[PDB]
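To keep things clear, I will list the structure first and then write my remarks on it.
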Amino acid sequence: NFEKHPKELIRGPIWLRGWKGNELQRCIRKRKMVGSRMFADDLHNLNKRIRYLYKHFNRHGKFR
Amino acid sequence: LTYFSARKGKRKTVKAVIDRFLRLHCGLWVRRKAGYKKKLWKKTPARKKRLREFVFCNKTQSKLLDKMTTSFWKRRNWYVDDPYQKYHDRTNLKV
Amino acid sequence: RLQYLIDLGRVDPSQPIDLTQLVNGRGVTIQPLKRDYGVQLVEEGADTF
Amino acid sequence: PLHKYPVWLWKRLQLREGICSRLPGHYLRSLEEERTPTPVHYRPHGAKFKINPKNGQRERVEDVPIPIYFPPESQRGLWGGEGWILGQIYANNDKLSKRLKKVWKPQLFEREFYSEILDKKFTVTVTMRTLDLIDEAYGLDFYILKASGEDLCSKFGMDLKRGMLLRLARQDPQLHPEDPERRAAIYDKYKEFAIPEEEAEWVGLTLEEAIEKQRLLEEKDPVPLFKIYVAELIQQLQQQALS
Amino acid sequence: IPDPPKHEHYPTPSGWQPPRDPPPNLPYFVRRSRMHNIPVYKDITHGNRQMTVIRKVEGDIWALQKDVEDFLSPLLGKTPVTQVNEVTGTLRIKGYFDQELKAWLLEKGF
Amino acid sequence: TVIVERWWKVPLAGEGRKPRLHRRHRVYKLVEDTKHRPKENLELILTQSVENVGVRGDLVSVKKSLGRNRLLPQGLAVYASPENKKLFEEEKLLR
RNA sequence: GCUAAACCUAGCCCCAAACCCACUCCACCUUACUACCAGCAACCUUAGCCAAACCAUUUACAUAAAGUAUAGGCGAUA
RNA sequence: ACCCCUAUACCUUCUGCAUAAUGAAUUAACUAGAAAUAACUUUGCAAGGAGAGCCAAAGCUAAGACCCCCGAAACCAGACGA
RNA sequence: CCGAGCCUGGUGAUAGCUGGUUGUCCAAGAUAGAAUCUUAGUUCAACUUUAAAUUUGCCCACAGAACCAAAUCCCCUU
RNA sequence: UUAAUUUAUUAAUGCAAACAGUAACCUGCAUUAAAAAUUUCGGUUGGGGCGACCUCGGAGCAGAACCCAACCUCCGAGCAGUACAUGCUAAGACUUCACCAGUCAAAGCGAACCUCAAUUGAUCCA
Ligand SMILES: [Mg+2]
Ligand SMILES: [Mg+2]
Ligand SMILES: [Mg+2]
Ligand SMILES: [Mg+2]
Ligand SMILES: [Mg+2]
Ligand SMILES: [Mg+2]
Ligand SMILES: [Mg+2]
Ligand SMILES: [Mg+2]
Ligand SMILES: [Mg+2]
Ligand SMILES: [Mg+2]
Ligand SMILES: [Mg+2]
Ligand SMILES: [Mg+2]
Ligand SMILES: [Mg+2]
Ligand SMILES: [Mg+2]
Ligand SMILES: [Mg+2]
Ligand SMILES: [Mg+2]
Ligand SMILES: [Mg+2]
Ligand SMILES: [Mg+2]
Ligand SMILES: [Mg+2]
Ligand SMILES: [Mg+2]
Ligand SMILES: [Mg+2]
Ligand SMILES: [Mg+2]
Ligand SMILES: [Mg+2]
């Protein structure tokens, strides 16, 4: 009788726990939900990725 | 046109399109003609009349417009006394 | 639509037809976000009601 | 990997952890509060809702303060609640011209100032707004007392306030013999304010300063273990006697 | 969802009528929906292609299909061009014939 | 003080939040300076009769410079507070 | 038949949890690793590439409302 | 086996290359298509669908199925060099 | 290796330009034009591919398409 | 640099702001300088440069439905005149090979009893 959802069953990283996403989207999620408690260097890397990813998606590509 | 936004990761809308056009629920996009309020002294009555009419859009153009907006603008609306309401649904079609 | 609802049992005409009842019946779905200000009553089944 | 507590809490955690724990509760509270200062370089929105033009629709309106910059000169002497405004201007106030950076400085002055609580004439780097504020509050002393720590915006001012508080508390001989009645009158003028002496000691301190003070307080040369041992022995003897 | 109240006269105003008791003994049977309607739906694939689906078929779908064909040959002047699917007891029928189909079903007594 | 309006409209944030800003919200627009303004006359009560500017006991509106530089430091005048006003009134009554 | 080949376990990546480390003695801000003598002191918008097919204002840094109101060489986009 | 007859390496790039145009000694392992709307597909349910919000004049929920790699001269910030 | 050093970072800078872009097999498949800081590119058209719904499509014969050659258009039959 | 956009920096001025009397230094806003800074350097073209051209219209090339090029040959336009129902609406068509722009127009309502070949310019902003 729907006490719980099967998305509470899944045990993994706190940000993507019953949530699919893209690459860029995933990164964004990570930055918001965790960011503040991330290792400086890693945070920077993430930011860079986001910057890159956005550019790749929103500009570079085919079918635009 | 921003396929993935930076904060949400959604499609954004080209707001110019929104400003300029009307999306009827059938699929058709309505536009006002260009030069409809410019140099009317030199324009002849018939021409003026033509300019003042609300013209439909093409297939390709329509597609482009659709691409440029998001599924919010395509939704069914039920405004109180919209002058265009009757044109959203389309009747009597056959290929 | 209303008539159909009545026929089907959901939405009871012996009690009042407040919006809540309609919602329960599920003849009318409405959404305050997307600025819906309730239901408007329409003619479509005027006769045969 | 990730951290347990986020980076914007580390400072907070630090307080809990060590010597800053042993600071008195009444001091740390002040540090923690962080209430917004009074608007100075921006006209605030009166109401939280308004109704804008263009569309006849009410929507909320938060008044965001201008960042501001206090150079260390300001700290040295009372300015108002004000300092330097680092910003940018559009060339002729049209956006389609150059954007170019601008520092608005305030007009500093030098002035003498008497204070009845301290009995001394201070020369300060004061601006006209400060003067106005003082006038509004009437006495300089009053202003110092009345004005909150986050609106005072000066370390010197804070120090002065602290001193005043201390004076109020102790009831020290400030005007010495021949003026006891006068002193009393002065005290009564500021019956308001005047916190207990053990709070007024810590008013207007920085964190580091506070820490230093704490250290000084709980310094003490270590007690010889020998003495302790002797005491223990004595206790034992007493116990034996009893039984 | 409530099972509907037993009316005096059928069909009910708005054209609803319950499935008759006992069931009509045949090679096939058609269930009703959650909402007690006869499940005969329209569907448009491409902007062009228009069809209708009878989708709650049970038992001998072939027989049902045959019956449908028989019914619809006078209305077209052809056979209707149908696709059955045994696994999910369905019947895709090319061109819209929904209301008529529903009526037929009602007559049959499902 | 220099009052500076903000060009570019900060986008509004929460009850218990700080609105994060952009290098364009730094772009200000000067609205006013508190100097370059009609100066006010402050009200001072007088403890001595001085020149034609005032008399013993009388509250008077004076230029601010005069109030600040000369009268208040020398003890010739006092601020117009509700505290000392009463006292002054009493004195007047006695007189 | 020589050169060579081959080989699993060193360890490592992503998480989860949990808030870490830091004086045997001696030496170490003078030219650090130097046993032993009379002078100062920290805070001050990031920018630009880049996108706009140039470029000059401008160009992002739990869920849902919503890519909505808004903003914008009213465009890129935000 | 050869002798006989037949047969103008390969990729790239081209209107067109055996070209005397590019590249490539050879072996080794490494070394390049990643994303929405809208469609189509087949399921589920159906005047409703969805495990709130969204969409709905057959629709809606479901998955499946498309969108590379290497390369400047550069510009700017903070260090380091007589 | 100074027309403005070197190093790190922003920087996976950017490249309408060049080079490259890896299992098998089958199938359909060739270039009217438009604007364009555009002619080394691009959006629309045209051609092309797929899935659909369809009812005509090509080939065409009399009659017909202006005054100041070759043909074409149109066009029932077949 | 006498190209466009700026003066944030220095430059003095000028006005404020501070001050004093008697019948200068700082700060804010203006000013013209000096220094700089951000800058981009259109295309077509029998290579590029130089020269010429760049939008619109009529005739030839293109002889008989459309269409058709060159830095091919030749003429021209960037208005003028008359009205002031040069009102309002609206079936159905043409179309400069896309779109955008263009053209024509029965009926009706309301009134009487356009000429011209080109004669022109989107959006946003004002
Ligand atoms: Mg369907
Ligand atoms: Mg919120
Ligand atoms: Mg660019
Ligand atoms: Mg590009
Ligand atoms: Mg360039
Ligand atoms: Mg060649
Ligand atoms: Mg050959
Ligand atoms: Mg050779
Ligand atoms: Mg070769
Ligand atoms: Mg090559
Ligand atoms: Mg070559
Ligand atoms: Mg070679
Ligand atoms: Mg690979
Ligand atoms: Mg560049
Ligand atoms: Mg030397
Ligand atoms: Mg690249
Ligand atoms: Mg190019
Ligand atoms: Mg083939
Ligand atoms: Mg142009
Ligand atoms: Mg050229
Ligand atoms: Mg030449
Ligand atoms: Mg055409
Ligand atoms: Mg007429």
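How things are named: the first chain in the structure tokens is A, the next is B, and so on; residues count from 1 in each chain; ligands count from 1 in the order shown.
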For the contact check between chain C and chain H, emit one row per residue of chain C within 12 Å, containing the shortest atom pair and the distance in Å rounded to one decimal, counting only C-alpha atoms (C1' of nucleotides), chain then rising number order, as JSON lines.
```
{"residue": "C:1", "atom": "CA", "partner": "H:47", "partner_atom": "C1'", "distance": 9.8}
{"residue": "C:4", "atom": "CA", "partner": "H:47", "partner_atom": "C1'", "distance": 10.9}
{"residue": "C:5", "atom": "CA", "partner": "H:47", "partner_atom": "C1'", "distance": 11.4}
{"residue": "C:26", "atom": "CA", "partner": "H:48", "partner_atom": "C1'", "distance": 9.3}
{"residue": "C:27", "atom": "CA", "partner": "H:47", "partner_atom": "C1'", "distance": 8.9}
{"residue": "C:28", "atom": "CA", "partner": "H:48", "partner_atom": "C1'", "distance": 10.9}
{"residue": "C:29", "atom": "CA", "partner": "H:56", "partner_atom": "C1'", "distance": 10.0}
{"residue": "C:30", "atom": "CA", "partner": "H:54", "partner_atom": "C1'", "distance": 11.2}
{"residue": "C:31", "atom": "CA", "partner": "H:53", "partner_atom": "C1'", "distance": 8.4}
{"residue": "C:32", "atom": "CA", "partner": "H:53", "partner_atom": "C1'", "distance": 9.8}
{"residue": "C:33", "atom": "CA", "partner": "H:53", "partner_atom": "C1'", "distance": 8.0}
{"residue": "C:34", "atom": "CA", "partner": "H:54", "partner_atom": "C1'", "distance": 9.9}
```
Practice task
Can you list, as a list in words, all residues belonging to chain B that DSSP tags as alpha helix (DSSP H)?
Solution key: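 Answer for chain B, restricted to alpha helix (DSSP H): residues 15, 16, 17, 18, 19, 20, 45, 46, 47, 48, 49, 50, 51, 59, 60, 61, 62, 63, 64, 65, 66, 67 and 68 of chain B.
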Convert the current residue selection to file output with N, CA and C atoms, as a tab-separated table (two decimals), in the first residue's frame.
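out.tsv was written with the following content:
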```tsv
chain	number	residue	atom	x	y	z
B	15	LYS	N	12.65	33.91	-27.17
B	15	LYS	CA	11.54	34.76	-26.74
B	15	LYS	C	11.04	35.74	-27.79
B	16	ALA	N	11.89	36.03	-28.78
B	16	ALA	CA	11.52	36.85	-29.92
B	16	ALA	C	10.31	36.26	-30.64
B	17	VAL	N	10.39	34.96	-30.86
B	17	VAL	CA	9.35	34.19	-31.53
B	17	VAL	C	8.02	34.34	-30.78
B	18	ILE	N	8.12	34.17	-29.48
B	18	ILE	CA	6.97	34.27	-28.57
B	18	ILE	C	6.32	35.64	-28.70
B	19	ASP	N	7.17	36.66	-28.69
B	19	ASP	CA	6.74	38.05	-28.79
B	19	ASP	C	5.98	38.27	-30.09
B	20	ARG	N	6.54	37.73	-31.17
B	20	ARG	CA	6.03	38.02	-32.53
B	20	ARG	C	4.86	37.18	-33.03
B	45	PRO	N	-4.52	51.59	-50.90
B	45	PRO	CA	-5.50	50.94	-50.02
B	45	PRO	C	-5.48	49.44	-49.98
B	46	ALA	N	-5.46	48.80	-51.15
B	46	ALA	CA	-5.46	47.34	-51.24
B	46	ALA	C	-4.25	46.76	-50.50
B	47	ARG	N	-3.10	47.38	-50.79
B	47	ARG	CA	-1.83	46.97	-50.19
B	47	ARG	C	-1.90	47.08	-48.67
B	48	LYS	N	-2.45	48.20	-48.22
B	48	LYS	CA	-2.62	48.48	-46.79
B	48	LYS	C	-3.46	47.39	-46.14
B	49	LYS	N	-4.55	47.07	-46.81
B	49	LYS	CA	-5.50	46.04	-46.35
B	49	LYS	C	-4.78	44.71	-46.18
B	50	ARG	N	-4.00	44.38	-47.21
B	50	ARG	CA	-3.22	43.14	-47.25
B	50	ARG	C	-2.28	43.07	-46.04
B	51	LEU	N	-1.60	44.19	-45.82
B	51	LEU	CA	-0.64	44.33	-44.73
B	51	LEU	C	-1.29	44.14	-43.39
B	59	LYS	N	5.03	25.41	-43.59
B	59	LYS	CA	5.39	24.16	-42.88
B	59	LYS	C	6.74	24.24	-42.18
B	60	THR	N	7.78	24.51	-42.97
B	60	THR	CA	9.15	24.59	-42.47
B	60	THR	C	9.25	25.65	-41.38
B	61	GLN	N	8.65	26.80	-41.68
B	61	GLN	CA	8.64	27.95	-40.76
B	61	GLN	C	8.00	27.55	-39.44
B	62	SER	N	6.87	26.87	-39.56
B	62	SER	CA	6.10	26.39	-38.40
B	62	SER	C	6.97	25.48	-37.54
B	63	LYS	N	7.64	24.57	-38.22
B	63	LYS	CA	8.53	23.60	-37.57
B	63	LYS	C	9.62	24.32	-36.78
B	64	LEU	N	10.20	25.31	-37.44
B	64	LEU	CA	11.27	26.13	-36.86
B	64	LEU	C	10.77	26.80	-35.57
B	65	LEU	N	9.58	27.37	-35.68
B	65	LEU	CA	8.93	28.07	-34.57
B	65	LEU	C	8.75	27.12	-33.39
B	66	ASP	N	8.27	25.93	-33.71
B	66	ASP	CA	8.03	24.87	-32.72
B	66	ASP	C	9.32	24.54	-31.98
B	67	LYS	N	10.38	24.38	-32.78
B	67	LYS	CA	11.71	24.06	-32.26
B	67	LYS	C	12.17	25.13	-31.28
B	68	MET	N	11.98	26.38	-31.70
B	68	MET	CA	12.35	27.56	-30.92
B	68	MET	C	11.61	27.81	-29.60
```
Exercise for the section: Would you give me, as a list in words, the residues of chain B that come within 12 Å of chain C, using only C-alpha atoms? Expected result: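 Applying the cut-off to the listed atoms yields residues 72, 73, 75, 76, 77, 78, 79, 80 and 81 of chain B.
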Problem - Site check for ligand 16: residues at most 10 Å away, only C-alpha atoms (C1' of nucleotides) and all ligand atoms, as a PyMOL selection string - result: (chain H and resi 69-71) or (chain I and resi 12-15)
Suppose we keep C-alpha atoms (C1' of nucleotides); can you now write the selection as a PDB file, in the first residue's frame?
```pdb
ATOM      1  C1'   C H  69      39.126  13.446 -32.950  1.00  0.00           C
ATOM      2  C1'   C H  70      43.925  16.042 -33.433  1.00  0.00           C
ATOM      3  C1'   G H  71      45.944  21.100 -34.666  1.00  0.00           C
TER       4        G H  71
ATOM      5  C1'   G I  12      39.446  20.376 -23.871  1.00  0.00           C
ATOM      6  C1'   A I  13      40.732  28.902 -25.974  1.00  0.00           C
ATOM      7  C1'   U I  14      38.788  29.383 -31.060  1.00  0.00           C
ATOM      8  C1'   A I  15      39.493  27.589 -36.102  1.00  0.00           C
TER       9        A I  15
END
```
Please build the interface table for chain H against ligand 13 with a cut-off of 12 Å, listing for each qualifying residue the nearest atom pair and the distance in Å to one decimal; count only C-alpha atoms (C1' of nucleotides) and all ligand atoms, order rows by chain and increasing number, and write it as CSV.
```
residue,atom,partner,partner_atom_place_in_ligand_line,distance
H:30,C1',ligand 13,1 (Mg),10.1
H:31,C1',ligand 13,1 (Mg),7.6
H:32,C1',ligand 13,1 (Mg),6.9
H:33,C1',ligand 13,1 (Mg),10.7
H:68,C1',ligand 13,1 (Mg),10.6
H:69,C1',ligand 13,1 (Mg),10.6
```
Handout entry: Nearby polymer residues, ligand 6, at most 10 Å, only C-alpha atoms (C1' of nucleotides) and all ligand atoms, as a PyMOL selection string
Key = chain H and resi 13-17+21
For the selection just defined, write its residues with C-alpha atoms (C1' of nucleotides) to a file, as a PDB file, in the first residue's frame.
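result-v1.pdb, written as the output of this step:
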```
ATOM      1  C1'   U H  13      41.832  15.629 -52.018  1.00  0.00           C
ATOM      2  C1'   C H  14      39.616  16.584 -56.408  1.00  0.00           C
ATOM      3  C1'   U H  15      35.704  18.525 -62.478  1.00  0.00           C
ATOM      4  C1'   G H  16      39.585  14.757 -63.187  1.00  0.00           C
ATOM      5  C1'   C H  17      45.167  11.445 -59.848  1.00  0.00           C
ATOM      6  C1'   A H  21      49.681  16.048 -55.705  1.00  0.00           C
TER       7        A H  21
END
```
Practice task
List all protein, DNA and RNA residues that have an atom no more than 9 Å from any atom of ligand 14, counting only C-alpha atoms (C1' of nucleotides) and all ligand atoms, and report them as a ChimeraX atom specification.
Solution key: /G:49-50 /H:74-75 /I:14
Closest-contact table, chain A side, partner chain B, 7 Å, counting only C-alpha atoms, as JSON lines:
```
{"residue": "A:25", "atom": "CA", "partner": "B:9", "partner_atom": "CA", "distance": 5.5}
{"residue": "A:28", "atom": "CA", "partner": "B:7", "partner_atom": "CA", "distance": 6.9}
{"residue": "A:54", "atom": "CA", "partner": "B:4", "partner_atom": "CA", "distance": 6.9}
{"residue": "A:57", "atom": "CA", "partner": "B:3", "partner_atom": "CA", "distance": 6.9}
{"residue": "A:58", "atom": "CA", "partner": "B:2", "partner_atom": "CA", "distance": 5.2}
```
Written file, previous selection with C-alpha atoms, as a tab-separated table (two decimals), in the first residue's frame:
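As a result, again35.tsv now contains:
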```
chain	number	residue	atom	x	y	z
A	25	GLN	CA	22.63	17.52	-16.27
A	28	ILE	CA	24.87	20.29	-12.72
A	54	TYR	CA	27.42	23.30	-22.15
A	57	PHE	CA	25.72	20.69	-26.32
A	58	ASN	CA	24.40	24.17	-26.95
```
Exercise for the section: Dump the neighbourhood of ligand 22 as an MDAnalysis selection string: all residues within 9 Å, distances computed on only C-alpha atoms (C1' of nucleotides) and all ligand atoms. Expected result: chainID J and resid 95:98
Could you save the residues just selected, with C-alpha atoms (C1' of nucleotides), as a PDB file, in the first residue's frame?
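Just written: out.pdb:
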```pdb
ATOM      1  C1'   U J  95       3.946  35.725 -57.983  1.00  0.00           C
ATOM      2  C1'   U J  96      10.434  37.573 -59.954  1.00  0.00           C
ATOM      3  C1'   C J  97      12.125  30.252 -59.461  1.00  0.00           C
ATOM      4  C1'   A J  98      12.726  29.756 -51.207  1.00  0.00           C
TER       5        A J  98
END
```
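Across G:55, G:15, G:7, G:22, the tightest approach to chain A is made by G:15 when counting only C-alpha atoms (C1' of nucleotides).
Take CA of residue 68 in chain F and CA of residue 128 in chain D: the distance between them is 11.1 Å.
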Practice task
Do a neighbour search on residue 76 in chain I at 10 Å with only C-alpha atoms (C1' of nucleotides), toss out local chain neighbours closer than 4 positions, and write the hits as a VMD selection string.
Solution key: chain I and resid 60 to 62
Practice task
Show me which residues sit within 8 Å of ligand 23 when counting only C-alpha atoms (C1' of nucleotides) and all ligand atoms, and put them as an NGL selection string.
Solution key: :J and (106-108)
Output for the residues just chosen: N, CA and C atoms (P, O5', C5', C4', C3', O3' and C1' of nucleotides) as a PDB file, in the first residue's frame:
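Okay, this is what ended up in selection.pdb:
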```pdb
ATOM      1  P     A J 106     -13.738  43.616 -58.287  1.00  0.00           P
ATOM      2  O5'   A J 106     -14.755  42.405 -58.475  1.00  0.00           O
ATOM      3  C5'   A J 106     -14.995  41.839 -59.777  1.00  0.00           C
ATOM      4  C4'   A J 106     -15.943  40.670 -59.684  1.00  0.00           C
ATOM      5  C3'   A J 106     -17.216  40.875 -58.873  1.00  0.00           C
ATOM      6  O3'   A J 106     -18.195  41.669 -59.541  1.00  0.00           O
ATOM      7  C1'   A J 106     -16.260  38.824 -58.265  1.00  0.00           C
ATOM      8  P     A J 107     -18.987  42.822 -58.741  1.00  0.00           P
ATOM      9  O5'   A J 107     -19.662  42.023 -57.542  1.00  0.00           O
ATOM     10  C5'   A J 107     -20.688  41.063 -57.822  1.00  0.00           C
ATOM     11  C4'   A J 107     -21.055  40.286 -56.582  1.00  0.00           C
ATOM     12  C3'   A J 107     -21.608  41.091 -55.413  1.00  0.00           C
ATOM     13  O3'   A J 107     -22.972  41.459 -55.592  1.00  0.00           O
ATOM     14  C1'   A J 107     -19.998  39.580 -54.614  1.00  0.00           C
ATOM     15  P     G J 108     -23.478  42.909 -55.134  1.00  0.00           P
ATOM     16  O5'   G J 108     -23.224  42.892 -53.561  1.00  0.00           O
ATOM     17  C5'   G J 108     -23.929  41.971 -52.706  1.00  0.00           C
ATOM     18  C4'   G J 108     -23.424  42.071 -51.287  1.00  0.00           C
ATOM     19  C3'   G J 108     -23.568  43.433 -50.629  1.00  0.00           C
ATOM     20  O3'   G J 108     -24.898  43.610 -50.150  1.00  0.00           O
ATOM     21  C1'   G J 108     -21.382  42.615 -50.257  1.00  0.00           C
TER      22        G J 108
END
```
